[PDB]
Each structure stands twice: as structure tokens, then as C-alpha cells.
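Heads up, data_3.cif below (mmCIF, N, CA and C atoms):
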data_data
#
loop_
_atom_site.label_atom_id
_atom_site.label_comp_id
_atom_site.auth_asym_id
_atom_site.auth_seq_id
_atom_site.Cartn_x
_atom_site.Cartn_y
_atom_site.Cartn_z
N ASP A 450 -11.79 47.81 27.89
CA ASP A 450 -11.53 47.66 26.46
C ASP A 450 -11.95 46.29 25.96
N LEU A 451 -13.25 46.00 25.95
CA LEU A 451 -13.77 44.72 25.53
C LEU A 451 -14.34 44.87 24.12
N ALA A 452 -13.75 44.17 23.16
CA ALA A 452 -14.17 44.28 21.77
C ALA A 452 -13.76 43.02 21.02
N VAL A 453 -14.47 42.77 19.93
CA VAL A 453 -14.08 41.76 18.95
C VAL A 453 -13.22 42.43 17.90
N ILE A 454 -12.04 41.87 17.65
CA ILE A 454 -11.07 42.52 16.78
C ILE A 454 -10.90 41.82 15.45
N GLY A 455 -11.07 40.50 15.38
CA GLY A 455 -10.84 39.79 14.15
C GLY A 455 -11.50 38.43 14.17
N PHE A 456 -11.36 37.73 13.04
CA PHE A 456 -12.01 36.44 12.84
C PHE A 456 -11.25 35.70 11.76
N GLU A 457 -11.54 34.41 11.63
CA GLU A 457 -11.07 33.62 10.51
C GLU A 457 -12.24 32.84 9.94
N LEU A 458 -12.25 32.64 8.63
CA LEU A 458 -13.33 31.90 8.01
C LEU A 458 -12.90 30.49 7.66
N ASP A 459 -13.89 29.62 7.51
CA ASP A 459 -13.69 28.25 7.07
C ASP A 459 -14.21 28.04 5.65
N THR A 460 -14.19 29.09 4.83
CA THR A 460 -14.74 28.99 3.49
C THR A 460 -13.75 28.32 2.56
N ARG A 461 -14.24 27.86 1.42
CA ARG A 461 -13.42 27.21 0.42
C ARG A 461 -13.99 27.49 -0.96
N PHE A 462 -13.15 27.34 -1.97
CA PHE A 462 -13.60 27.51 -3.34
C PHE A 462 -14.36 26.27 -3.81
N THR A 463 -15.27 26.47 -4.74
CA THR A 463 -15.87 25.37 -5.47
C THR A 463 -15.03 25.13 -6.72
N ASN A 464 -14.37 23.97 -6.78
CA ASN A 464 -13.34 23.76 -7.81
C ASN A 464 -13.97 23.32 -9.13
N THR A 465 -14.96 24.09 -9.57
CA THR A 465 -15.68 23.72 -10.78
C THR A 465 -14.89 24.10 -12.02
N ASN A 466 -13.98 25.06 -11.92
CA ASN A 466 -13.06 25.36 -13.00
C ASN A 466 -11.80 24.50 -12.94
N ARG A 467 -11.74 23.57 -11.99
CA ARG A 467 -10.60 22.66 -11.85
C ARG A 467 -9.29 23.44 -11.81
N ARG A 468 -9.31 24.61 -11.18
CA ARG A 468 -8.08 25.35 -10.98
C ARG A 468 -7.09 24.54 -10.15
N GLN A 469 -7.57 23.93 -9.07
CA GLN A 469 -6.73 23.20 -8.14
C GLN A 469 -6.82 21.71 -8.42
N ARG A 470 -5.68 21.03 -8.38
CA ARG A 470 -5.62 19.58 -8.42
C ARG A 470 -4.87 19.11 -7.19
N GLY A 471 -5.27 17.98 -6.64
CA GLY A 471 -4.60 17.47 -5.47
C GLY A 471 -3.46 16.53 -5.77
N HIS A 472 -3.22 15.59 -4.86
CA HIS A 472 -2.12 14.66 -5.02
C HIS A 472 -2.28 13.88 -6.31
N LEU A 473 -1.17 13.57 -6.95
CA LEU A 473 -1.22 12.92 -8.25
C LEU A 473 -0.97 11.43 -8.10
N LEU A 474 -1.62 10.64 -8.95
CA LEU A 474 -1.43 9.20 -8.95
C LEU A 474 -0.65 8.82 -10.19
N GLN A 475 0.35 7.96 -10.02
CA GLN A 475 0.97 7.29 -11.15
C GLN A 475 1.41 5.90 -10.72
N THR A 476 1.47 4.99 -11.68
CA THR A 476 1.91 3.63 -11.39
C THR A 476 3.43 3.56 -11.37
N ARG A 477 3.96 2.76 -10.45
CA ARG A 477 5.39 2.46 -10.41
C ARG A 477 5.54 0.95 -10.28
N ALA A 478 6.73 0.45 -10.62
CA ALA A 478 7.02 -0.96 -10.43
C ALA A 478 8.49 -1.14 -10.13
N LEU A 479 8.80 -2.09 -9.25
CA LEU A 479 10.17 -2.41 -8.89
C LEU A 479 10.49 -3.82 -9.35
N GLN A 480 11.75 -4.05 -9.72
CA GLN A 480 12.23 -5.38 -10.04
C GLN A 480 13.31 -5.79 -9.05
N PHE A 481 13.23 -7.04 -8.58
CA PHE A 481 14.22 -7.63 -7.68
C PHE A 481 14.79 -8.87 -8.33
N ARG A 482 16.11 -9.00 -8.32
CA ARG A 482 16.80 -10.09 -9.00
C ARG A 482 17.55 -10.95 -8.00
N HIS A 483 17.30 -12.26 -8.03
CA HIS A 483 17.91 -13.22 -7.11
C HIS A 483 18.56 -14.35 -7.89
N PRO A 484 19.83 -14.25 -8.25
CA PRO A 484 20.51 -15.37 -8.93
C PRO A 484 20.91 -16.47 -7.96
N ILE A 485 20.81 -17.70 -8.43
CA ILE A 485 21.03 -18.89 -7.60
C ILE A 485 22.45 -19.38 -7.84
N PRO A 486 23.31 -19.40 -6.82
CA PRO A 486 24.62 -20.04 -6.96
C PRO A 486 24.58 -21.54 -6.73
N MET A 487 25.64 -22.20 -7.20
CA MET A 487 25.99 -23.54 -6.77
C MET A 487 26.87 -23.49 -5.52
N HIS A 488 26.91 -24.59 -4.79
CA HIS A 488 27.70 -24.66 -3.57
C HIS A 488 28.65 -25.85 -3.63
N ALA A 489 29.61 -25.85 -2.71
CA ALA A 489 30.70 -26.82 -2.75
C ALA A 489 30.14 -28.24 -2.70
N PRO A 490 30.76 -29.18 -3.41
CA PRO A 490 30.25 -30.55 -3.44
C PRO A 490 30.69 -31.35 -2.22
N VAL A 491 30.04 -32.49 -2.05
CA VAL A 491 30.57 -33.57 -1.25
C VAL A 491 30.69 -34.81 -2.12
N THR A 492 31.77 -35.55 -1.93
CA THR A 492 32.07 -36.67 -2.82
C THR A 492 32.21 -37.93 -1.99
N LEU A 493 32.33 -39.05 -2.69
CA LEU A 493 32.37 -40.40 -2.14
C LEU A 493 33.46 -41.17 -2.88
N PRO A 494 34.69 -41.18 -2.40
CA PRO A 494 35.73 -41.93 -3.09
C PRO A 494 35.41 -43.40 -3.10
N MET A 495 35.56 -44.03 -4.26
CA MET A 495 35.41 -45.47 -4.37
C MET A 495 36.55 -46.00 -5.22
N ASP A 496 36.75 -47.31 -5.22
CA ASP A 496 37.78 -47.95 -6.02
C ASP A 496 37.20 -48.19 -7.41
N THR A 497 38.07 -48.21 -8.41
CA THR A 497 37.66 -48.39 -9.79
C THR A 497 37.69 -49.85 -10.22
N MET A 498 38.18 -50.73 -9.35
CA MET A 498 38.21 -52.16 -9.65
C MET A 498 37.11 -52.92 -8.93
N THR B 106 3.48 -3.06 -19.47
CA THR B 106 3.81 -1.78 -18.90
C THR B 106 3.46 -1.88 -17.45
N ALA B 107 4.08 -1.06 -16.62
CA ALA B 107 3.77 -1.06 -15.21
C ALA B 107 2.29 -0.82 -14.96
N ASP B 108 1.64 0.02 -15.76
CA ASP B 108 0.23 0.26 -15.46
C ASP B 108 -0.62 -0.97 -15.72
N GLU B 109 -0.30 -1.73 -16.77
CA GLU B 109 -1.04 -2.96 -17.05
C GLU B 109 -0.82 -4.03 -16.00
N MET B 110 0.25 -3.92 -15.22
CA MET B 110 0.51 -4.92 -14.19
C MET B 110 -0.53 -4.81 -13.10
N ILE B 111 -1.21 -3.65 -13.01
CA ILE B 111 -2.16 -3.42 -11.92
C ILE B 111 -3.32 -4.38 -12.08
N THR B 112 -3.66 -5.09 -11.01
CA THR B 112 -4.68 -6.13 -11.08
C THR B 112 -6.04 -5.49 -10.87
N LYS B 113 -7.11 -6.24 -11.09
CA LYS B 113 -8.45 -5.70 -10.89
C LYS B 113 -8.62 -5.08 -9.51
N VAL B 114 -9.15 -3.86 -9.45
CA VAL B 114 -9.43 -3.19 -8.18
C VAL B 114 -10.92 -2.91 -8.21
N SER B 115 -11.54 -2.73 -7.05
CA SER B 115 -12.98 -2.47 -6.99
C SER B 115 -13.32 -1.73 -5.71
N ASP B 116 -13.74 -0.47 -5.83
CA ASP B 116 -13.92 0.38 -4.65
C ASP B 116 -15.00 -0.18 -3.74
N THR B 117 -15.89 -1.00 -4.29
CA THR B 117 -16.97 -1.58 -3.50
C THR B 117 -16.39 -2.37 -2.33
N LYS B 118 -15.26 -3.06 -2.55
CA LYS B 118 -14.72 -3.92 -1.50
C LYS B 118 -13.96 -3.08 -0.48
N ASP B 119 -14.12 -3.41 0.80
CA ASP B 119 -13.35 -2.79 1.87
C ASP B 119 -12.26 -3.74 2.34
N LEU B 120 -11.06 -3.20 2.57
CA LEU B 120 -9.92 -3.98 3.04
C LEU B 120 -9.56 -3.63 4.48
N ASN B 121 -10.46 -2.98 5.22
CA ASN B 121 -10.23 -2.70 6.63
C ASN B 121 -11.18 -3.49 7.53
N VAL B 122 -11.77 -4.57 7.02
CA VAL B 122 -12.82 -5.27 7.76
C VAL B 122 -12.20 -6.08 8.89
N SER B 123 -12.79 -5.97 10.07
CA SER B 123 -12.34 -6.73 11.23
C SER B 123 -12.98 -8.11 11.23
N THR B 124 -12.46 -8.98 12.10
CA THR B 124 -12.98 -10.34 12.21
C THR B 124 -14.42 -10.33 12.71
N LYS B 125 -15.29 -11.05 11.99
CA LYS B 125 -16.70 -11.11 12.34
C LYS B 125 -17.02 -12.14 13.40
N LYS B 126 -16.14 -13.13 13.61
CA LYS B 126 -16.32 -14.14 14.65
C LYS B 126 -15.03 -14.19 15.46
N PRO B 127 -14.80 -13.21 16.33
CA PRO B 127 -13.56 -13.18 17.11
C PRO B 127 -13.46 -14.37 18.05
N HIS B 128 -12.23 -14.73 18.37
CA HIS B 128 -11.96 -15.80 19.32
C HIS B 128 -12.22 -15.30 20.74
N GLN B 129 -13.09 -16.00 21.46
CA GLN B 129 -13.44 -15.61 22.84
C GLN B 129 -12.61 -16.45 23.80
N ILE B 130 -11.74 -15.78 24.56
CA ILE B 130 -10.85 -16.50 25.46
C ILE B 130 -11.56 -16.71 26.79
N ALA B 131 -11.64 -17.97 27.21
CA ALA B 131 -12.33 -18.30 28.45
C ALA B 131 -11.56 -17.74 29.64
N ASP B 132 -12.29 -17.32 30.67
CA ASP B 132 -11.66 -16.82 31.88
C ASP B 132 -10.80 -17.92 32.50
N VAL B 133 -9.63 -17.53 33.01
CA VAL B 133 -8.77 -18.48 33.72
C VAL B 133 -9.41 -18.84 35.06
N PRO B 134 -9.62 -20.16 35.34
CA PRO B 134 -10.23 -20.42 36.65
C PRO B 134 -9.35 -20.09 37.85
#
Would you mind writing the file out in C-alpha cells?
Amino acid sequence: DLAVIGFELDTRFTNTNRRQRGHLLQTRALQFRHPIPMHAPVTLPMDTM
Amino acid sequence: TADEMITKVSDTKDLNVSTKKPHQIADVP
């Protein structure tokens, strides 16, 4: 029982009617916010006289 | 707008270029 039973093709459409569209592009943007704190002081005691 | 933030692009330029003058490591004596 030797026979060819089936096949698959590698054909494709010519997308001249633009039926199919691929991956879409759009612009995005992110914002990052970094506020600056103050930190504990160091002091220098001196006399007022 | 976010789209205007996009800087000049140019397909002519390639960004996968390897080093043209690689560093040649001398054999260890």
C-alpha cells in the first residue's frame, strides 16, 4: 500500500487589496518623577560672646 | 505630544554594527 495521500502548500496571498495588516505601531511615553529631599543637619555650637 | 518626542530616525543607518578594529589579545607566554 504505497501511495501519496496529501500535501501542504507554501502559497500566500498578494496583499494588494490590503485586506491583511500586520503588527501596529504607535508611540508611547513614560514619565518618571524623582523629588529631592533634605537631610538632617550637622551643626557647630559656638559662643555668642 | 509623545509622537513629536521621537527624534530623527534614518533607516540607512545600522545599529547592529560590530567593532571594525577589535582588540587582539596577545598569547600568554
At most 7 Å is the cut-off: for each residue in chain A with any atom that close to an atom of chain B, write down the nearest atom pair and the distance in Å rounded to one decimal, counting all atoms listed in the file, chain first then increasing number, as CSV.
residue,atom,partner,partner_atom,distance
A:476,CA,B:108,CA,5.5
A:477,C,B:107,CA,5.6
A:478,N,B:107,CA,5.7
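We find atom CA of residue 457 of chain A and atom CA of residue 472 of chain A to be spaced 26.1 Å apart.
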Box for segment 108-116 of chain B - axis-aligned, 4 Å on each of the six sides, all listed atoms - centre and size in Å to one decimal, as lines of an AutoDock Vina configuration file.
center_x = -6.7
center_y = -2.9
center_z = -10.4
size_x = 24.6
size_y = 14.6
size_z = 21.3
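From atom CA of residue 458 of chain A back to atom CA of residue 470 of chain A, the distance works out to 21.9 Å.
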